[PDB]
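1. experimental structure and sequence below, a few questions after.
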Amino acid sequence: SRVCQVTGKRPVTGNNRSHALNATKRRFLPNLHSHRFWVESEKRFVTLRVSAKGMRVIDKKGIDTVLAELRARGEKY
Amino acid sequence: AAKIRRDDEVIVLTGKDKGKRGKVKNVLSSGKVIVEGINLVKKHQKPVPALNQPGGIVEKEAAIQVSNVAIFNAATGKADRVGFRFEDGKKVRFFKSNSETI
Amino acid sequence: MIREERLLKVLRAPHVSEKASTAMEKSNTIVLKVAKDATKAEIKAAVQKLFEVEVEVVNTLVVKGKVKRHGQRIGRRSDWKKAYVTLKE
Amino acid sequence: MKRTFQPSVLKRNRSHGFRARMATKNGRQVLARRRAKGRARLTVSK
Amino acid sequence: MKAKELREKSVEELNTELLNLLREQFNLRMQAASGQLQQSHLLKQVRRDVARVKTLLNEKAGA
RNA sequence: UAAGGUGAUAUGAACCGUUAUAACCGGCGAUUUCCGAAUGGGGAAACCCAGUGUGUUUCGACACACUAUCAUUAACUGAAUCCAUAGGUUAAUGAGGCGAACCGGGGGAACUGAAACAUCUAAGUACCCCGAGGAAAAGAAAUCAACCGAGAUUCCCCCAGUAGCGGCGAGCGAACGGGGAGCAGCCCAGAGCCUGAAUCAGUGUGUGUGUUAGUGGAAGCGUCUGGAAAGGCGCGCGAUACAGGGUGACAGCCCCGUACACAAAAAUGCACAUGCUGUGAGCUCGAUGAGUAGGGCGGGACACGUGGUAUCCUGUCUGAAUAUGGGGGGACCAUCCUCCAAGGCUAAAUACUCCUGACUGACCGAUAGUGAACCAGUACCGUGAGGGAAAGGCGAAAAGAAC
RNA sequence: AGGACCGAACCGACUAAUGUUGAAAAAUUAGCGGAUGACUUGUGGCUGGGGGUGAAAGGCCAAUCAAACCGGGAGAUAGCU
RNA sequence: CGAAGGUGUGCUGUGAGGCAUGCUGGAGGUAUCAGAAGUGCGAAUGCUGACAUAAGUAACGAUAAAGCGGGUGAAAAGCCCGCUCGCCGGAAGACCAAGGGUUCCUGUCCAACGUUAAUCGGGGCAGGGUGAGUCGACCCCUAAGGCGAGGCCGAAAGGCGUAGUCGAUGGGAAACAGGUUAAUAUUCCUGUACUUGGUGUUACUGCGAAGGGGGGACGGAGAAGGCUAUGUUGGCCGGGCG
RNA sequence: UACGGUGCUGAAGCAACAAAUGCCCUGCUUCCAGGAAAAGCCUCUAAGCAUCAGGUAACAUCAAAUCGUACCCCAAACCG
């Protein structure tokens, strides 16, 4: 669905409050983006569906670490 | 665990025929016995053709309860309560109020 | 084998009726009430095993027992199969 | 005058049958309510 | 028959006596549906004997 | 246990046993058609058609086994593309649906009150969905307190309709602290001493205690009434039993029971001891959880509606220090106080009854009580989801009216 | 040849009468319009509740339609009888 | 040697009420003083049941039409039989699908059902009856459309969809005539046939598919030809002469 | 003769004419609005097979299972 595959950002719900504080139910959607990554360990290009915060996690720790944690969650990469 | 059994000789205690005595023909599942010569009921038998055809007013022996009858002690001259003692390995009946096994 | 047990199990009753007696005197065909599944070949094998006779063909039919009423209780009767077996002369 | 129930067993068993209920989630919910209340004829499967 | 009397028996004889019981069963239900058999009760006990034999067919052979 | 049985309306005919494999009861087995998660494909549920291999063929066919889909592992393979993956096959292991209520999470109303109504209330309630257990959640301080100190969580009585929140309206409503119930602490982020060391899951053996069949079980007679005595009159007896049910009217002494004393071949619940399989025990030392805390924007939760509003959670955009350090003490600042987040495990006290047994009732007695005391979710109505009744009593016994 | 003509089947429903606790919760009788098409019909599908469908009346959606039916919030609320 | 309940009668209190008692009934009721209440009905277009009124009133369901004799029986306008009359005849006839499910036939019955009677019936009760290589289903193939491994998408539920797999209302091979029972007949019997598979035997030889190609394979209107179903007349045969 | 009917015996069994909406016609002619799909059937080879296996014809034998069949079907039996 609309799930960050690295970080797990489920689309949450919320109240939309206008200037007169009239509540209307709305949905918060993450900044999901499909990305093609390069791993020199597999030496190829993988396809993930991540968010920008997830992209910064890919920047900070190694992609070989995030891939093994994704395999620890038993997910698909 | 039944106190009165089939070929006993009993007396009734509550009934129009109180004090009279007879042999037991049958013990039914309801908790009723059939005693010979004691309960007499006039059945108006409607005869069916494809069988023996009496017609008439016939006589049968109806039922009275197990609680009403009592085992005649046949030595004392009146009734007695009966219990279950353990004589040699079969559990047996015995007359109460004197040490007598039936 | 249970095949022998099957052919011993199939045949239930010989059938007695007016159309039964008419077909029996006319074309030497007996009428039998059989089991529920009781196919053609199993019926023919069972009569040729058990009555020790000759058989040409067998005509099968399934008949529905009538929906009777007893007091207020409706009861649909059993559902049995009848087979006309045409013996040889 | 042409009444509203002009019956046929094919549309009847295709719409309200057993398997058309069992293939659907809310159909299985309907059958579970019908069993919990305890009706004799469950659906029109006949 | 009585249970130990079938416990001592052997399996091929168990099968032949099964088939003899079934043939006996067939003759009885044919005579019963014809109008014979004053004694109907025979039929019932015959069925029970078949059951007893088949019970040993699942125990004298193997569970 | 057993001298009586073949379930009931519902009698019969035919037989079984009576001193013991007639019946009834209890543990464990065997069989368990077809549909049904339905599992070989399909489908209008209770049906249609298969295939692979075995071994029986009287040569026309038989009977049994397996064959779904996914997750995980393993092994043969294995493309564009050399490699190597994707993919494919086979096997093994697990999952699947049903169920009354409780619990946790994901979503989430409006009628209604405000004597209109939009903020608010109703209410995170109804309902939908997911998941698990006999309970579940939480849970071992980056906690409260006040310069005094306590020690995880949960639940009940107070505090308290109190401080507060609020078109400051309707309403919502704490905590600190006190008294109880119950008590429990841990391990990884790591190395050398250690390898059956203080435990716990799973096996057997041993004892006891319960459960699933059961056994013994006290003590009385006469007379009048009456259809019948259990009533009245008279005279006795039992009671670790006078709870109760029946018997031809109300029975402690007529029957079944009750108090009481027992009883297991077999199978299992519970704790206890005794052994296997895994597991480390405990020291000396180093470490102590990063796109994280905090922030800017927009929401949500704490009693707290953005308010002067701390705290937690976050969708988005950022971004530390890392014990010479960091949080919290209800804007905020300095000093004091106490604790060490960004990793987890954990019994009991707690809410529940689809169901099993006993026992109780200033609860009902056929228009009441469950809708249903009776063959009731039935008859009937509706395409359907769904709706849904009416209906007890002869007598002590059918002796149910021969003729 | 014809969204041609007259006219049965078939599809409708313009007029009058009888019906109104009917024979019938929409009819019958005597007339009437179309009748080779923008027709009619048998079978089997599909679209659904603030939605479907509509040669458009707010018409039809199981005799119910300016928002179906069934269960549930719910014993809504009622300054009214 | 007679409780509650039912039904009268007589005394009694200011009132709700009470007390005594005849008869029916046939086994329960309960003083006094306290206690708890599902505690008191004439109305709610109240609810359920029973019964009234209109009332022995309207009506008896098409204006196709009945009449007589004989039968059966306790009873005949309605049933069976006969003879006339009358109605439909592009149906009010003969078969089917769909839809019902025993309503079909025989014996027996008339309490309920039949807008009356009923000996009758689609009613009660018992018994009997549905025979398939060729008709139809199932089976092969597909349309609209449904489901749909992977897949894509979606807070969950799930949505769509590829391979496939289902889906006749369509495409695929096969049988006719006559006879017969009360109830079945293109199914049973008589006569004459045809299809599609299997195995083996004989003779000639390349077969092999899921791939290719043809074929299946298709609109409306019009008009004419050839024919037949079928009908009329004449002949032929049988009977008649009223 | 149950009195309904069973069983027996059976002559002719041609011609002309009329003729359809039925068959040739899943034709012919014309018109624009341009008029289903796959299989059984016929044929062609691919991998593979190659004494064979198959295939063709002939002959013999066997099989064709299972389910529905009664009755109404413009109605007293279907929906009202």
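-> On my side now, so go ahead. Numbering: from 1, shown residues only, chains lettered A, B, ... in the order given.
2. residue C:81 pairs with what?
-> Beta-bridge pairing of residue C:81 under DSSP bridges involves residue C:34, residue C:62.
3. same question but for residue A:28, I mixed them up
-> Beta-bridge partners of residue A:28, as defined by DSSP bridges: residue A:12.
4. can you count the residues close to residue 65?
-> Picked chain A for this. Counted with other CB atoms under 10 Å in any protein chain shown, the neighbours of residue A:65 add up to 12. Yep, even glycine has a C-beta here, placed from its N, CA and C like the rest.
5. should've been chain B
-> So residue B:65, with other CB under 10 Å, has 13 neighbours.
6. which residues are in contact with it?
-> Residues counted as contacts of residue B:65 (CB atoms under 8 Å, 6 or more residues apart in numbering or on different chains) are B:31, B:32, B:33.
7. the lengthiest helix in chain D near RNA strand H at all?
-> For chain D, the longest helix by residue count, based on DSSP state H, is helix D:25-37. Yes - applying CB under 7 Å from any atom of the strand, one finds helix D:25-37 in contact with RNA strand H at residue D:25.
8. which helices and strands sit right next to that helix?
-> Under the contact definition 3 or more CB pairs under 8 Å, 6 or more residues apart in numbering or on different chains; DSSP states H and E, helix D:25-37 sits against helix D:18-22.
9. does any bit of the helix it packs on sit next to RNA strand H?
-> No - using CB under 7 Å from any atom of the strand, helix D:18-22 never reaches RNA strand H; the gap is at least 8.6 Å.
10. got the buried residues for that helix?
-> Residues of helix D:18-22 classed as buried by neighbour count (16 or more other CB atoms under 10 Å in any protein chain shown): residue D:21.
11. contacts for that helix, please.
-> D:13, D:14, D:27, D:28, D:30, D:31, D:42, D:43, D:45.
12. do that again at 6 Å, thanks
-> D:27, D:31, D:43, D:45 (CB atoms under 6 Å, 6 or more residues apart in numbering or on different chains).
13. quick revisit: can you put the contacts of residue B:65 in TSV and add distance to residue A:24?
-> TSV is the format used below for the contacts of residue B:65 (distance: CB to CB, whole Å):
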residue	distance to residue A:24
B:31	78
B:32	82
B:33	86
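14. state the three-state secondary structure for residue A:20.
-> Here residue A:20 is recorded as coil under DSSP: H, G, I helix; E, B strand; the rest coil.
15. tell me how far it lies from residue A:13.
-> The gap separating residue A:20 from residue A:13 is 21 Å, by CB to CB, to the nearest Å.
16. between those two, who's got more neighbours?
-> Between residue A:20 and residue A:13, residue A:13 has the larger neighbour count (other CB under 10 Å), namely 9 against 5.
17. my guess is residue C:6 is in a helix, correct?
-> Yes - the assignment for residue C:6 (three-state DSSP) places it in a helix.
18. grab the nearest non-local neighbour of it.
-> residue C:42 (6.6 Å; CB to CB, 6 or more residues apart in numbering or on different chains).
19. what's around the one you found, how many residues?
-> 19.
20. center of chain D - which residue?
-> Closest to where the C-alpha atoms of chain D average out (CA atoms, centre = their mean) is residue D:16, at 3.0 Å.
21. can you report phi and psi for the closest residue to it other than its chain neighbours?
-> Of all residues not flanking residue D:16 in the chain, residue D:44 sits nearest, at 5.1 Å (CB to CB, 6+ apart). Main-chain torsions, residue D:44, degrees, to the nearest 10: phi -80, psi 90.
22. what is the burial count for residue D:44?
-> 12.
23. distance check, the residue in chain C positioned nearest to RNA strand F against residue E:25.
-> In chain C, the residue that lies nearest RNA strand F is residue C:3 (4.3 Å; CB to the nearest atom of the strand). Residue C:3 sits 17 Å away from residue E:25, taking CB to CB as the criterion.
24. next to RNA strand I, which bits of chain C? Give me the list.
-> C:39, C:40, C:41, C:60, C:61, C:62, C:64, C:81.
25. now do the buried residues in stretch A:34-41.
-> Buried, per 16+ other CB under 10 Å, within stretch A:34-41: residue A:37.
26. if we can go back for a sec, just the buried subset of the contacts of residue B:65, written out for ChimeraX, thanks.
-> To isolate the buried members of those in ChimeraX, using 16+ other CB under 10 Å:
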select /B:32,33
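27. return the subset of the contacts of residue B:65 lying in strands.
-> Among the contacts of residue B:65, the members falling in strands (DSSP state E) are B:32, B:33.
28. between the contacts of residue B:65, which is closest to chain C?
-> Closest approach to chain C among the contacts of residue B:65 (CB to the nearest CB): residue B:32, at 29.5 Å.
29. what residues are up against that closest one?
-> Residue B:32 neighbours (CB under 6 Å, 6+ apart): B:63, B:65.
30. ok, what's across the strand from it?
-> residue B:65.
31. how about the helices in chain A?
-> Counting by DSSP H, the helices of chain A are A:52-60, A:63-72.
32. any chance of those in JSON lines, plus distance to residue B:88?
-> Output for these, formatted as JSON lines (distance: least, CB to CB, whole Å):
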{"stretch": "helix A:52-60", "distance to residue B:88": "91"}
{"stretch": "helix A:63-72", "distance to residue B:88": "78"}
